[PDB]
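Undergrad: Sharing entry.cif below, mmCIF, C-alpha atoms and all ligand atoms:
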data_query
loop_
_atom_site.label_atom_id
_atom_site.label_comp_id
_atom_site.auth_asym_id
_atom_site.auth_seq_id
_atom_site.Cartn_x
_atom_site.Cartn_y
_atom_site.Cartn_z
CA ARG L 6 70.37 97.80 185.59
CA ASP L 7 67.50 95.81 183.92
CA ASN L 8 65.39 98.17 186.08
CA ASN L 9 67.15 101.05 184.27
CA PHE L 10 65.15 100.13 181.12
CA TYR L 11 61.48 100.82 180.28
CA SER L 12 59.27 99.89 177.37
CA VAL L 13 56.83 101.81 175.17
CA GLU L 14 54.82 100.86 172.15
CA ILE L 15 55.83 102.65 169.00
CA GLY L 16 53.32 101.67 166.31
CA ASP L 17 53.55 97.87 166.00
CA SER L 18 56.98 97.77 167.72
CA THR L 19 58.13 97.80 171.34
CA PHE L 20 61.04 100.14 172.14
CA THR L 21 62.85 99.08 175.28
CA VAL L 22 65.21 101.90 176.13
CA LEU L 23 67.46 103.27 178.90
CA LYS L 24 65.48 105.48 181.28
CA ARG L 25 67.62 108.49 180.35
CA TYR L 26 65.72 108.59 176.99
CA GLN L 27 62.27 110.06 177.38
CA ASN L 28 59.27 111.25 175.37
CA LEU L 29 59.88 108.98 172.37
CA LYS L 30 58.11 109.89 169.13
CA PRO L 31 58.47 108.09 165.75
CA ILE L 32 60.21 110.13 163.04
CA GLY L 33 60.97 107.53 160.34
CA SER L 34 61.07 103.91 159.47
CA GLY L 35 62.54 101.78 156.79
CA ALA L 36 63.78 98.31 156.00
CA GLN L 37 66.39 98.61 158.71
CA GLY L 38 64.08 99.68 161.56
CA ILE L 39 62.12 102.46 163.23
CA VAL L 40 63.78 105.70 164.34
CA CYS L 41 62.36 107.84 167.19
CA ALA L 42 63.15 111.25 168.48
CA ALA L 43 63.73 111.30 172.27
CA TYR L 44 64.86 113.63 175.05
CA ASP L 45 68.10 112.57 176.74
CA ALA L 46 67.57 113.72 180.31
CA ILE L 47 71.29 113.42 181.10
CA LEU L 48 72.68 115.41 178.15
CA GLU L 49 69.65 117.70 178.30
CA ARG L 50 69.10 117.49 174.62
CA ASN L 51 67.03 115.66 172.09
CA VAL L 52 68.45 112.66 170.24
CA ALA L 53 67.45 110.10 167.60
CA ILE L 54 67.19 106.40 168.51
CA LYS L 55 67.12 103.64 165.90
CA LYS L 56 66.04 100.13 166.84
CA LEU L 57 67.69 97.31 164.95
CA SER L 58 65.53 94.20 165.51
CA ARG L 59 67.60 90.98 165.32
CA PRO L 60 70.06 92.54 162.85
CA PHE L 61 71.88 89.15 162.59
CA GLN L 62 68.72 87.56 161.11
CA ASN L 63 70.20 87.48 157.60
CA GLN L 64 73.46 88.44 155.94
CA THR L 65 72.25 91.63 154.30
CA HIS L 66 70.92 93.10 157.54
CA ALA L 67 73.88 91.74 159.47
CA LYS L 68 76.62 93.15 157.26
CA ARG L 69 74.97 96.55 157.21
CA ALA L 70 74.42 96.67 160.93
CA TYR L 71 77.91 95.54 161.76
CA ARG L 72 79.61 97.89 159.30
CA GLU L 73 77.51 100.83 160.35
CA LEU L 74 78.40 100.25 164.04
CA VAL L 75 82.08 100.02 163.28
CA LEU L 76 82.07 103.06 160.94
CA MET L 77 79.97 105.27 163.15
CA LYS L 78 82.45 104.58 165.94
CA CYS L 79 85.59 105.39 163.95
CA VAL L 80 84.29 108.33 161.95
CA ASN L 81 84.07 111.78 163.47
CA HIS L 82 83.08 114.30 160.85
CA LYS L 83 80.46 117.00 160.98
CA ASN L 84 78.77 115.84 157.75
CA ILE L 85 78.40 112.18 158.76
CA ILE L 86 75.82 111.22 161.42
CA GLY L 87 77.53 110.65 164.68
CA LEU L 88 77.16 108.02 167.36
CA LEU L 89 76.13 109.19 170.81
CA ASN L 90 75.32 105.80 172.42
CA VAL L 91 74.59 102.18 171.68
CA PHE L 92 72.87 99.67 173.91
CA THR L 93 71.02 96.42 174.06
CA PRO L 94 68.39 95.70 176.75
CA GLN L 95 69.31 92.01 176.76
CA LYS L 96 71.80 91.02 179.48
CA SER L 97 73.76 88.25 177.76
CA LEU L 98 75.01 86.97 174.41
CA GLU L 99 72.56 84.15 174.85
CA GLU L 100 69.51 86.45 175.25
CA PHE L 101 70.66 89.10 172.68
CA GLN L 102 68.07 90.31 170.23
CA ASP L 103 68.08 94.07 169.58
CA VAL L 104 70.48 96.92 169.12
CA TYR L 105 69.64 100.59 169.77
CA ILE L 106 71.75 103.27 168.10
CA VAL L 107 71.58 106.79 169.56
CA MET L 108 72.49 109.69 167.24
CA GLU L 109 72.29 113.42 166.89
CA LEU L 110 68.72 114.63 166.18
CA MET L 111 68.41 116.80 163.08
CA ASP L 112 65.37 118.89 162.02
CA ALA L 113 64.35 117.46 158.64
CA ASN L 114 65.01 114.98 155.98
CA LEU L 115 66.43 116.21 152.64
CA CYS L 116 63.23 114.99 150.93
CA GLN L 117 61.44 117.81 152.77
CA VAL L 118 64.09 120.36 151.69
CA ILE L 119 63.56 119.29 148.05
CA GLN L 120 59.99 120.54 148.28
CA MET L 121 61.28 124.08 149.00
CA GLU L 122 62.88 126.72 146.81
CA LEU L 123 66.45 127.33 147.88
CA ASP L 124 68.62 130.37 147.38
CA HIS L 125 72.08 129.87 145.92
CA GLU L 126 73.77 130.32 149.26
CA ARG L 127 71.77 127.53 150.93
CA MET L 128 71.81 125.25 147.89
CA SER L 129 75.57 125.57 147.43
CA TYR L 130 76.24 125.10 151.13
CA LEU L 131 74.17 121.92 151.29
CA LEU L 132 76.00 120.54 148.24
CA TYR L 133 79.35 121.54 149.71
CA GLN L 134 78.57 119.55 152.84
CA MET L 135 77.44 116.48 150.86
CA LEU L 136 80.74 116.65 149.01
CA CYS L 137 82.78 116.96 152.22
CA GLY L 138 81.02 113.90 153.69
CA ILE L 139 81.59 111.88 150.53
CA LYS L 140 85.25 112.91 150.27
CA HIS L 141 85.78 111.91 153.91
CA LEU L 142 84.35 108.41 153.22
CA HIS L 143 86.48 108.14 150.07
CA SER L 144 89.60 109.01 152.11
CA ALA L 145 89.06 105.77 154.10
CA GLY L 146 88.37 103.65 151.05
CA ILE L 147 84.65 103.83 151.44
CA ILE L 148 82.70 104.45 148.21
CA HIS L 149 79.07 104.92 149.07
CA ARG L 150 77.22 104.00 145.82
CA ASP L 151 73.76 104.56 147.31
CA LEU L 152 73.51 108.18 148.32
CA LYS L 153 69.90 109.40 148.30
CA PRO L 154 67.88 112.20 149.81
CA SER L 155 65.98 110.04 152.25
CA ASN L 156 69.19 109.19 153.96
CA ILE L 157 70.44 112.78 154.29
CA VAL L 158 69.27 115.05 157.14
CA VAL L 159 69.51 118.76 157.79
CA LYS L 160 69.13 121.33 160.54
CA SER L 161 67.42 124.70 160.39
CA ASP L 162 70.88 126.32 160.32
CA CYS L 163 71.54 124.53 156.96
CA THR L 164 73.95 122.00 158.46
CA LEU L 165 73.76 118.55 156.79
CA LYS L 166 74.67 115.01 157.71
CA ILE L 167 74.70 111.78 155.70
CA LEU L 168 72.98 108.94 157.59
CA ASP L 169 74.42 105.74 156.03
CA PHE L 170 77.57 104.28 154.61
CA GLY L 171 76.38 102.73 151.37
CA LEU L 172 76.70 99.39 149.60
CA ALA L 173 80.24 98.25 150.61
CA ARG L 174 81.44 95.63 148.05
CA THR L 175 78.08 93.89 147.55
CA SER L 179 70.30 92.11 147.74
CA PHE L 180 67.29 89.82 148.33
CA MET L 181 65.00 90.40 151.30
CA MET L 182 61.56 89.13 152.13
CA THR L 183 60.15 92.59 152.70
CA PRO L 184 57.33 95.03 151.80
CA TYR L 185 60.09 97.65 151.81
CA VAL L 186 61.37 98.78 148.43
CA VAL L 187 64.93 99.90 147.68
CA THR L 188 65.11 103.37 146.16
CA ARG L 189 67.23 103.08 142.99
CA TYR L 190 66.63 106.49 141.34
CA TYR L 191 70.04 107.95 142.33
CA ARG L 192 72.22 105.07 141.25
CA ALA L 193 74.89 105.71 138.61
CA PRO L 194 74.89 104.24 135.08
CA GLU L 195 77.82 102.01 135.98
CA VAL L 196 75.71 100.62 138.93
CA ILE L 197 72.57 100.26 136.74
CA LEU L 198 74.51 98.41 134.00
CA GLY L 199 76.67 96.30 136.34
CA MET L 200 79.95 97.89 135.19
CA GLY L 201 82.91 98.48 137.45
CA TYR L 202 83.00 101.76 139.41
CA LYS L 203 85.33 104.24 141.02
CA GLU L 204 84.98 107.12 143.54
CA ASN L 205 83.00 109.35 141.21
CA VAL L 206 80.11 106.92 141.14
CA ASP L 207 78.98 109.07 144.06
CA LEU L 208 79.04 112.27 142.02
CA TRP L 209 76.27 110.97 139.77
CA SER L 210 74.09 110.63 142.86
CA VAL L 211 74.97 114.11 144.02
CA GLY L 212 73.94 115.31 140.55
CA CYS L 213 70.62 113.60 140.80
CA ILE L 214 70.02 115.15 144.20
CA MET L 215 71.08 118.62 143.04
CA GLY L 216 68.92 118.37 139.98
CA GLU L 217 65.92 117.37 142.14
CA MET L 218 66.64 120.28 144.54
CA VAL L 219 66.45 122.60 141.53
CA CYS L 220 63.41 121.21 139.71
CA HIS L 221 61.55 119.67 142.71
CA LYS L 222 60.99 116.42 140.78
CA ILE L 223 62.92 113.11 140.86
CA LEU L 224 65.05 113.18 137.71
CA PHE L 225 65.03 109.46 136.89
CA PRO L 226 62.10 107.77 138.69
CA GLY L 227 62.54 104.30 137.09
CA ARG L 228 60.30 101.40 138.34
CA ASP L 229 63.24 99.03 137.72
CA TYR L 230 66.68 99.24 136.07
CA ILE L 231 65.31 98.94 132.55
CA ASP L 232 62.94 101.83 133.09
CA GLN L 233 65.74 103.71 134.94
CA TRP L 234 68.08 103.52 131.98
CA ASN L 235 65.33 104.73 129.61
CA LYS L 236 64.72 107.77 131.78
CA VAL L 237 68.41 108.60 131.88
CA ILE L 238 68.90 108.39 128.12
CA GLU L 239 65.63 110.24 127.33
CA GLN L 240 66.95 113.30 129.22
CA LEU L 241 70.69 113.16 128.72
CA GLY L 242 70.90 111.44 125.35
CA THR L 243 72.17 108.07 124.19
CA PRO L 244 75.84 107.86 125.19
CA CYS L 245 78.74 108.01 122.74
CA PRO L 246 80.29 104.93 121.02
CA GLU L 247 83.38 105.29 123.24
CA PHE L 248 81.14 104.52 126.19
CA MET L 249 79.26 101.67 124.45
CA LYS L 250 82.60 99.96 123.73
CA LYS L 251 83.25 99.70 127.48
CA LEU L 252 80.23 97.43 127.95
CA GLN L 253 80.30 93.62 127.91
CA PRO L 254 78.48 92.15 124.85
CA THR L 255 75.38 91.04 126.69
CA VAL L 256 74.94 94.58 128.02
CA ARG L 257 76.23 96.37 124.92
CA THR L 258 73.79 94.58 122.61
CA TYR L 259 71.06 95.70 125.01
CA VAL L 260 72.27 99.35 125.33
CA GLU L 261 73.00 99.72 121.59
CA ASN L 262 69.67 98.34 120.61
CA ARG L 263 67.50 100.73 122.62
CA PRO L 264 65.89 103.52 120.63
CA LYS L 265 68.23 106.50 120.25
CA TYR L 266 67.69 109.82 121.99
CA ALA L 267 69.29 113.17 121.37
CA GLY L 268 68.74 114.29 124.92
CA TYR L 269 68.37 117.90 126.02
CA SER L 270 70.86 120.64 126.71
CA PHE L 271 71.40 121.54 130.32
CA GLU L 272 69.92 124.95 129.54
CA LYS L 273 66.66 123.18 128.62
CA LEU L 274 66.78 120.67 131.43
CA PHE L 275 67.49 123.36 134.04
CA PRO L 276 66.36 126.72 132.74
CA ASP L 277 66.94 130.05 134.43
CA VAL L 278 63.35 130.05 135.75
CA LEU L 279 64.29 127.25 138.13
CA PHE L 280 66.98 129.34 139.81
CA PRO L 281 67.25 132.71 141.50
CA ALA L 282 68.21 134.82 138.46
CA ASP L 283 67.12 138.36 139.02
CA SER L 284 70.24 140.14 140.19
CA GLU L 285 73.57 139.91 138.37
CA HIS L 286 74.87 137.89 141.33
CA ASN L 287 72.03 135.39 141.01
CA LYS L 288 72.41 135.17 137.23
CA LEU L 289 76.05 134.30 137.54
CA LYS L 290 75.29 131.72 140.23
CA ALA L 291 72.60 130.12 138.09
CA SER L 292 75.18 129.74 135.25
CA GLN L 293 77.66 128.19 137.67
CA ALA L 294 75.06 125.82 139.12
CA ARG L 295 74.07 124.60 135.70
CA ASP L 296 77.74 124.06 134.80
CA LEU L 297 78.23 121.92 137.95
CA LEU L 298 75.09 119.89 137.14
CA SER L 299 76.35 119.33 133.58
CA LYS L 300 79.55 117.85 134.99
CA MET L 301 77.86 115.56 137.54
CA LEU L 302 75.11 114.20 135.28
CA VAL L 303 77.54 112.58 132.84
CA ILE L 304 76.84 108.97 131.88
CA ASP L 305 80.43 107.99 131.17
CA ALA L 306 82.20 108.04 134.51
CA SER L 307 85.55 108.61 132.88
CA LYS L 308 84.27 112.07 131.90
CA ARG L 309 82.34 112.86 135.08
CA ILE L 310 83.50 115.34 137.71
CA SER L 311 85.49 114.09 140.73
CA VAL L 312 84.73 115.04 144.34
CA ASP L 313 87.80 117.30 144.45
CA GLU L 314 86.92 119.03 141.21
CA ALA L 315 83.37 119.58 142.55
CA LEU L 316 84.70 121.01 145.82
CA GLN L 317 86.83 123.41 143.84
CA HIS L 318 84.08 124.36 141.37
CA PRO L 319 83.06 128.06 141.37
CA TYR L 320 79.54 127.28 142.63
CA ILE L 321 80.93 125.42 145.66
CA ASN L 322 84.36 126.76 146.49
CA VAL L 323 83.16 129.88 148.36
CA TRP L 324 82.63 127.50 151.30
CA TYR L 325 85.90 125.60 151.04
CA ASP L 326 87.57 124.92 154.42
CA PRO L 327 90.37 122.32 154.55
CA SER L 328 89.39 121.31 158.10
CA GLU L 329 86.13 120.02 156.52
CA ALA L 330 87.33 119.07 153.05
CA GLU L 331 90.83 117.70 153.92
CA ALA L 332 90.22 116.12 157.32
CA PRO L 333 92.40 113.28 158.55
CA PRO L 334 90.98 110.05 157.20
CA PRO L 335 89.04 107.67 159.43
CA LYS L 336 91.07 104.70 160.70
CA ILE L 337 88.94 101.57 160.25
CA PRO L 338 89.96 98.78 162.70
CA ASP L 339 88.34 95.84 160.89
CA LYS L 340 90.48 95.17 157.93
CA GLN L 341 87.94 92.63 156.56
CA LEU L 342 84.98 94.96 157.07
CA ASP L 343 83.57 94.70 153.53
CA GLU L 344 84.57 91.04 152.87
CA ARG L 345 83.28 88.99 155.90
CA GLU L 346 81.04 85.98 155.28
CA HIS L 347 79.30 84.57 158.34
CA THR L 348 76.46 82.33 159.55
CA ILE L 349 73.48 83.87 161.43
CA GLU L 350 74.99 82.73 164.71
CA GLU L 351 78.39 84.11 163.78
CA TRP L 352 76.94 87.52 162.83
CA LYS L 353 75.00 87.50 166.10
CA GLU L 354 78.27 87.20 168.16
CA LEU L 355 80.16 89.79 166.08
CA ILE L 356 77.40 92.38 166.48
CA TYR L 357 76.98 91.65 170.23
CA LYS L 358 80.68 92.19 170.78
CA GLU L 359 80.60 95.54 168.91
CA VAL L 360 77.70 96.67 171.00
CA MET L 361 79.30 95.72 174.33
CA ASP L 362 82.82 96.65 173.10
CA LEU L 363 84.18 93.08 173.53
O1 LIG L 401 64.96 108.54 159.48
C1 LIG L 401 65.90 107.72 159.49
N1 LIG L 401 67.03 107.83 160.21
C2 LIG L 401 67.44 108.92 161.02
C3 LIG L 401 68.60 108.73 161.75
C4 LIG L 401 69.14 109.75 162.51
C5 LIG L 401 68.47 110.95 162.53
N2 LIG L 401 68.73 112.10 163.17
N3 LIG L 401 67.79 113.03 162.92
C6 LIG L 401 66.87 112.55 162.11
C7 LIG L 401 65.70 113.31 161.62
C8 LIG L 401 64.99 112.89 160.50
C9 LIG L 401 63.86 113.59 160.13
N4 LIG L 401 63.40 114.66 160.78
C10 LIG L 401 64.10 115.07 161.84
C11 LIG L 401 65.22 114.41 162.32
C12 LIG L 401 67.27 111.16 161.81
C13 LIG L 401 66.76 110.13 161.06
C14 LIG L 401 65.84 106.40 158.78
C15 LIG L 401 66.87 106.32 157.61
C16 LIG L 401 66.03 105.81 156.48
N5 LIG L 401 64.87 106.59 156.83
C17 LIG L 401 64.50 107.74 156.05
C18 LIG L 401 63.64 107.39 154.85
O2 LIG L 401 64.04 106.55 154.03
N6 LIG L 401 62.52 108.10 154.66
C19 LIG L 401 61.70 108.04 153.44
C20 LIG L 401 61.45 109.44 152.90
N7 LIG L 401 60.93 110.34 153.93
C21 LIG L 401 60.26 111.50 153.56
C22 LIG L 401 59.70 111.63 152.30
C23 LIG L 401 59.05 112.79 151.93
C24 LIG L 401 58.93 113.86 152.80
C25 LIG L 401 58.25 115.12 152.39
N8 LIG L 401 58.20 116.11 153.28
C26 LIG L 401 57.62 117.25 152.86
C27 LIG L 401 57.10 117.41 151.60
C28 LIG L 401 57.18 116.32 150.78
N9 LIG L 401 57.76 115.16 151.14
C29 LIG L 401 59.48 113.73 154.08
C30 LIG L 401 60.13 112.57 154.45
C31 LIG L 401 61.80 110.37 155.10
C32 LIG L 401 61.93 108.99 155.66
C33 LIG L 401 64.47 106.16 158.19
MG MG L 402 65.81 105.26 154.32
#
Represent the structure of the file as structure tokens.
Ligand SMILES: O=C(Nc1ccc2n[nH]c(-c3ccncc3)c2c1)[C@@H]1CCN(CC(=O)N2CCN(c3ccc(-c4ncccn4)cc3)CC2)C1
Ligand SMILES: [Mg+2]
TA:
Amino acid sequence: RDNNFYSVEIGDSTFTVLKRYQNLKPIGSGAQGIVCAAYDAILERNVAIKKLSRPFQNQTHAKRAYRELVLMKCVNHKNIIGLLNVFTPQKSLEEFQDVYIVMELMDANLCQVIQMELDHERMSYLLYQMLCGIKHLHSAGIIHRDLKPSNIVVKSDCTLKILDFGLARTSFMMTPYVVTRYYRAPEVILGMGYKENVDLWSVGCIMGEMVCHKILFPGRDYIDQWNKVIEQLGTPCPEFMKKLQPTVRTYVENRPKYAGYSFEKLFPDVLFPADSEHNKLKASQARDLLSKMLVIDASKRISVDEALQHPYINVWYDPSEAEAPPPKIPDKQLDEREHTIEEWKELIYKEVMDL
């Protein structure tokens, strides 16, 4: 029971885990906690274990932990990281501190894949899977808004899973950890409203980085971010500027003007396989897809369904993946809850125990 746990030091943290999980080794860490690889001696396979330390300690951590528990439980899709187990070593609501989330173990992070040249077959398949995951979230009313390579993982067989569920409908932390903002859409950067295709901008940024092996828009803050976007893509049209509130419009209209670059110049043939006629045609199609994702004005940007149907992508199309029954989310206030620390503590404990 309590004797069915053991503890090991993992860097500056203590992991206290069920004895079924053996041979822990750190594989990543972030604002939310440390993740280890482990061998599950019962399943006879390796797994990933994330430790959430006092996730109820503030509202930002708490909302994310609670929503991720609920979503991981109700979602079952091959391109979304799946839940294998959840436990706490503490034996009561009173003593509760930590949550451990056990997931499928993948082979690499997409940041490592970005450092490799990819053939069109692998590149298109990875993008196809991203799009299936995103569409599946959208089908349940979940718009991610913060898709990024660090939170996407892959196997050697080119299978891909998204690790997180995004920004909900909402962030200050005392932390040395820094939020990666490079993939966020113009309507996020400028504080505009958004719709489902906010996520397609991020897919564009990821695709473009897979192709050129550089972060497209590495801004140090949102002002820098916007400059980098307009330097490459060009100052947006007046029809876009008109959609901005005056405080933001005066700012956007008063930046120096940029012509931008064609997509042929941003993503030349030398960045793609382009020897054979097959590869030439695929390079053309890839560039066309990029040109439809990396569109500042969201009203003119590709949708998930148009991307799934695009010639570069549609060779993979399978409605069991792309038209799967939507997740059924049981907490109808999932994105709107406001709670005290003590309230979030009880809500999370109950999720963990199933209570
Ligand atoms: O890692 C996290 N969560 C999970 C969860 C379940 C998992 N299942 N399987 C894996 C897995 C990951 C990596 N390798 C094998 C398996 C999981 C990871 C958390 C989520 C947030 N986080 C990732 C993160 O933000 N990172 C920063 C970027 N980083 C990174 C950056 C550059 C390179 C790199 N590699 C080669 C060349 C150049 N750069 C590699 C990793 C990866 C960790 C920690
Ligand atoms: Mg991360």
Undergrad: Can you check which parts of chain L lie within 9 Å of ligand LIG 401 (chain L)? Per residue, the shortest pair of atoms and distance in Å to one decimal, counting all atoms listed in the file, sorted by chain and number, as a Markdown table.
TA:
| residue | atom | partner | partner_atom | distance |
| --- | --- | --- | --- | --- |
| L:32 | CA | L:LIG401 | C9 | 5.8 |
| L:33 | CA | L:LIG401 | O1 | 4.2 |
| L:34 | CA | L:LIG401 | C33 | 4.3 |
| L:35 | CA | L:LIG401 | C33 | 5.0 |
| L:36 | CA | L:LIG401 | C16 | 7.8 |
| L:37 | CA | L:LIG401 | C16 | 7.5 |
| L:38 | CA | L:LIG401 | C33 | 7.3 |
| L:39 | CA | L:LIG401 | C33 | 6.7 |
| L:40 | CA | L:LIG401 | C1 | 5.7 |
| L:41 | CA | L:LIG401 | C13 | 7.9 |
| L:42 | CA | L:LIG401 | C11 | 7.2 |
| L:52 | CA | L:LIG401 | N2 | 7.1 |
| L:53 | CA | L:LIG401 | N2 | 5.0 |
| L:54 | CA | L:LIG401 | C4 | 7.1 |
| L:55 | CA | L:LIG401 | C3 | 6.7 |
| L:86 | CA | L:LIG401 | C4 | 6.9 |
| L:87 | CA | L:LIG401 | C4 | 8.7 |
| L:106 | CA | L:LIG401 | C4 | 8.9 |
| L:107 | CA | L:LIG401 | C4 | 8.0 |
| L:108 | CA | L:LIG401 | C4 | 5.8 |
| L:109 | CA | L:LIG401 | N2 | 5.3 |
| L:110 | CA | L:LIG401 | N3 | 3.7 |
| L:111 | CA | L:LIG401 | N3 | 3.8 |
| L:112 | CA | L:LIG401 | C10 | 4.0 |
| L:113 | CA | L:LIG401 | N4 | 3.6 |
| L:114 | CA | L:LIG401 | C9 | 4.5 |
| L:115 | CA | L:LIG401 | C30 | 7.5 |
| L:116 | CA | L:LIG401 | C24 | 4.8 |
| L:117 | CA | L:LIG401 | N8 | 3.7 |
| L:118 | CA | L:LIG401 | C26 | 7.3 |
| L:119 | CA | L:LIG401 | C28 | 7.5 |
| L:120 | CA | L:LIG401 | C27 | 5.4 |
| L:121 | CA | L:LIG401 | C27 | 8.3 |
| L:153 | CA | L:LIG401 | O2 | 8.7 |
| L:154 | CA | L:LIG401 | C20 | 7.6 |
| L:155 | CA | L:LIG401 | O2 | 4.4 |
| L:156 | CA | L:LIG401 | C15 | 5.2 |
| L:157 | CA | L:LIG401 | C17 | 8.0 |
| L:158 | CA | L:LIG401 | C8 | 5.9 |
| L:159 | CA | L:LIG401 | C11 | 7.6 |
| L:160 | CA | L:LIG401 | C10 | 8.1 |
| L:166 | CA | L:LIG401 | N2 | 8.6 |
| L:168 | CA | L:LIG401 | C3 | 6.0 |
| L:169 | CA | L:LIG401 | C15 | 7.7 |
| L:188 | CA | L:LIG401 | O2 | 8.6 |
Undergrad: Suppose we keep C-alpha atoms; can you now write the selection as a PDB file, in the coordinates of the input?
TA:
ATOM      1  CA  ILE L  32      60.210 110.130 163.040  1.00  0.00           C
ATOM      2  CA  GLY L  33      60.970 107.530 160.340  1.00  0.00           C
ATOM      3  CA  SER L  34      61.070 103.910 159.470  1.00  0.00           C
ATOM      4  CA  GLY L  35      62.540 101.780 156.790  1.00  0.00           C
ATOM      5  CA  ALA L  36      63.780  98.310 156.000  1.00  0.00           C
ATOM      6  CA  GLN L  37      66.390  98.610 158.710  1.00  0.00           C
ATOM      7  CA  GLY L  38      64.080  99.680 161.560  1.00  0.00           C
ATOM      8  CA  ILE L  39      62.120 102.460 163.230  1.00  0.00           C
ATOM      9  CA  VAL L  40      63.780 105.700 164.340  1.00  0.00           C
ATOM     10  CA  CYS L  41      62.360 107.840 167.190  1.00  0.00           C
ATOM     11  CA  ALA L  42      63.150 111.250 168.480  1.00  0.00           C
ATOM     12  CA  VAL L  52      68.450 112.660 170.240  1.00  0.00           C
ATOM     13  CA  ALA L  53      67.450 110.100 167.600  1.00  0.00           C
ATOM     14  CA  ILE L  54      67.190 106.400 168.510  1.00  0.00           C
ATOM     15  CA  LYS L  55      67.120 103.640 165.900  1.00  0.00           C
ATOM     16  CA  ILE L  86      75.820 111.220 161.420  1.00  0.00           C
ATOM     17  CA  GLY L  87      77.530 110.650 164.680  1.00  0.00           C
ATOM     18  CA  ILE L 106      71.750 103.270 168.100  1.00  0.00           C
ATOM     19  CA  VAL L 107      71.580 106.790 169.560  1.00  0.00           C
ATOM     20  CA  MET L 108      72.490 109.690 167.240  1.00  0.00           C
ATOM     21  CA  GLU L 109      72.290 113.420 166.890  1.00  0.00           C
ATOM     22  CA  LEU L 110      68.720 114.630 166.180  1.00  0.00           C
ATOM     23  CA  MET L 111      68.410 116.800 163.080  1.00  0.00           C
ATOM     24  CA  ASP L 112      65.370 118.890 162.020  1.00  0.00           C
ATOM     25  CA  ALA L 113      64.350 117.460 158.640  1.00  0.00           C
ATOM     26  CA  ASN L 114      65.010 114.980 155.980  1.00  0.00           C
ATOM     27  CA  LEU L 115      66.430 116.210 152.640  1.00  0.00           C
ATOM     28  CA  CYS L 116      63.230 114.990 150.930  1.00  0.00           C
ATOM     29  CA  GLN L 117      61.440 117.810 152.770  1.00  0.00           C
ATOM     30  CA  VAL L 118      64.090 120.360 151.690  1.00  0.00           C
ATOM     31  CA  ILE L 119      63.560 119.290 148.050  1.00  0.00           C
ATOM     32  CA  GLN L 120      59.990 120.540 148.280  1.00  0.00           C
ATOM     33  CA  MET L 121      61.280 124.080 149.000  1.00  0.00           C
ATOM     34  CA  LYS L 153      69.900 109.400 148.300  1.00  0.00           C
ATOM     35  CA  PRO L 154      67.880 112.200 149.810  1.00  0.00           C
ATOM     36  CA  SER L 155      65.980 110.040 152.250  1.00  0.00           C
ATOM     37  CA  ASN L 156      69.190 109.190 153.960  1.00  0.00           C
ATOM     38  CA  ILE L 157      70.440 112.780 154.290  1.00  0.00           C
ATOM     39  CA  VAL L 158      69.270 115.050 157.140  1.00  0.00           C
ATOM     40  CA  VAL L 159      69.510 118.760 157.790  1.00  0.00           C
ATOM     41  CA  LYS L 160      69.130 121.330 160.540  1.00  0.00           C
ATOM     42  CA  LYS L 166      74.670 115.010 157.710  1.00  0.00           C
ATOM     43  CA  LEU L 168      72.980 108.940 157.590  1.00  0.00           C
ATOM     44  CA  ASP L 169      74.420 105.740 156.030  1.00  0.00           C
ATOM     45  CA  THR L 188      65.110 103.370 146.160  1.00  0.00           C
TER      46      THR L 188
END
Undergrad: Calculate how many Å separate atom CA of residue 81 of chain L from atom CA of residue 174 of chain L, rounding to one decimal.
TA: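 Between atom CA of residue 81 of chain L and atom CA of residue 174 of chain L the gap is 22.5 Å.
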Undergrad: Grab the atom CA of residue 352 of chain L to atom CA of residue 61 of chain L distance for me, in Å with one decimal place.
TA: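 Going from atom CA of residue 352 of chain L over to atom CA of residue 61 of chain L covers 5.3 Å.
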Undergrad: From the list L:170, L:269, L:101, L:248, which residue is nearest ligand MG 402 (chain L) when using all atoms listed in the file?
TA: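 Going through L:170, L:269, L:101, L:248 one by one, the smallest distance to ligand MG 402 (chain L) is for L:170.
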Undergrad: Quick check, in Å to one decimal: how far apart do atom CA of residue 171 of chain L and atom CA of residue 345 of chain L lie?
TA: 16.0 Å
Undergrad: With a distance cut-off of 8 Å and all atoms listed in the file, select the neighbouring residues of residue 70 of chain L, excluding the residue or stretch itself and same-chain residues fewer than 3 positions from it, and output the selection as number ranges by chain.
TA: L: 57, 60, 66-67, 73-74, 356
Undergrad: Please check which residues have atoms at most 12 Å from (83.8, 126.6, 140.0) in the file's coordinates, counting only C-alpha atoms, and write them as a list in words.
TA: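 Answer for this query, in the requested form: residues 129, 133, 289, 290, 291, 292, 293, 294, 295, 296, 297, 298, 300, 310, 313, 314, 315, 316, 317, 318, 319, 320, 321, 322, 323, 324 and 325 of chain L.
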Undergrad: Could you tell me which of L:44, L:130, L:185, L:10 comes closest to ligand MG 402 (chain L) if we count all atoms listed in the file?
TA: L:185
Undergrad: Choose the residue, out of L:301, L:88, L:235, L:187, that has the smallest atom-to-atom separation from ligand MG 402 (chain L); count all atoms listed in the file.
TA: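 Smallest separation from ligand MG 402 (chain L) among the options: L:187.
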Undergrad: Within 8 Å of (81.0, 99.1, 132.2) (file coordinates; only C-alpha atoms), which protein or nucleic acid residues are there? I'd like them as JSON, numbers by chain.
TA: {"L": [195, 198, 199, 200, 201, 202, 251, 252, 253]}
Undergrad: Can those selected residues be exported to a file as a compact mmCIF listing (two decimals), in the coordinates of the input so that it contains C-alpha atoms?
TA:
# COMPACT_ATOMS: atom_id res chain seq x y z
CA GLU L 195 77.82 102.01 135.98
CA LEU L 198 74.51 98.41 134.00
CA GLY L 199 76.67 96.30 136.34
CA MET L 200 79.95 97.89 135.19
CA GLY L 201 82.91 98.48 137.45
CA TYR L 202 83.00 101.76 139.41
CA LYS L 251 83.25 99.70 127.48
CA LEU L 252 80.23 97.43 127.95
CA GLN L 253 80.30 93.62 127.91
